[PDB]
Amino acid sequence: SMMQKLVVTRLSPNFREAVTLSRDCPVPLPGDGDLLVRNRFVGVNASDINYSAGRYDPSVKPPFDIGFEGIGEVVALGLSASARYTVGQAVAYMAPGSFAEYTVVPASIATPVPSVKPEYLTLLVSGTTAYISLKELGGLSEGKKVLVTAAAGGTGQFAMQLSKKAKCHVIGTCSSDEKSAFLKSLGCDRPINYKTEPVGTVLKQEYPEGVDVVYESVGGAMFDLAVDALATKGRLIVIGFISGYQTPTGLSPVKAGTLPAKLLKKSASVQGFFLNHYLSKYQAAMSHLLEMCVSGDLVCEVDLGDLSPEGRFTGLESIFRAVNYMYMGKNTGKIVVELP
């Protein structure tokens, strides 16, 4: 009857500053097309702080709901919805307002899953971004060289594995030897711990002919280095620029004045990807990801914060600590919060 949820109360890229835990909120009811989902696991996303900062609709003022993705059970559903879905059914979704004990979700955008496991939630945003971007924009083929940044992260792990399944040679960047060992176990050809080995040196000394594809999530100096490392007809996909999201503009500084000249001289491209522009591809991607997840052909690494200082990310209140864990570079795989 009553539930907790996170609410953006003030526009800020600092999540603690922007977001309030409300305690005594009414449990909303599903429309005729709508499911009501008991959230069991919610995904933490780099762009949670872009959403809290208001960078999606700068018209929209607080208060508003937050959280992009959830997995759980249908507890209620409208009549139309009850054609395809039933109460107690395991479902996952990508829709704003997952950071709640219960969320209303249009049946038309729900993904049926085999059970409530956090591994299936890793696919909804992180998996589908890597799958659709690389398939529509990567032009991957046997022997291509792929650089993946934030390679041991939520979406990074999927860029790494999908590139390997395409029989590419894969380089992955990360901030620890533990993360390097994770990348090697995923079949990464050249893991780089950029804390102990300068990435620019590795690419100069081991990849003098450069790389065909960059899955670039980090921005700043990592972007500039990826541009310099492009082969003739190379493709840098701008997945994100996490290094800038905490700043007041949300932008990371890049050497952009000489960029059009570098791309002309290499016949090379910088291509942006936003998942919400490729929804016509989402169903097929999520189906193929699930088949690989269930079969064990795809590692779907989940970071529930068990080895963090204050331990497992349990409850809505743990989302503040889980966002900080991400921005401290501490996670291996997808950061997930459990609502028990």
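The term rigid core refers to the most C-alpha atoms you can superpose between the two forms while keeping them within 1.5 Å. Numbering starts at 1 and runs along the sequence shown.
Each structure in 4 other deposited structures of this protein is fitted to the shown form on the rigid core, and of 229-237 and 251-259 the C-alphas lie farther away on average for 251-259. Between 168-176 and 102-110, it is 102-110 that carries the larger average Cα temperature factor according to the deposited entry. The mean Cα B-factor in the deposited entry runs higher for 302-310 than for the other of 49-57 and 302-310. Remark: of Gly315, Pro30, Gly272, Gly43, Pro30 shows the highest value [criterion: C-alpha B-factor in the PDB entry]. Each of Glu216, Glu197, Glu119, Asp228 has a CA temperature factor in the record; the biggest one is found at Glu197.
Per the deposited record, the Cα B-factor of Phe64 falls in the highest third when ranked against the other modelled residues of its chain. For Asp224, the recorded CA B-factor ranks within the lowest third of the chain. Only modelled residues enter the ranking. Placement of the Cα temperature factor of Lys204 within the chain: highest third of the modelled residues, per the deposited record.
Remark: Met2 belongs to the highest third of its chain, ranked by C-alpha B-factor as recorded.
Remark: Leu137 belongs to the middle third of its chain, ranked by C-alpha B-factor as recorded.
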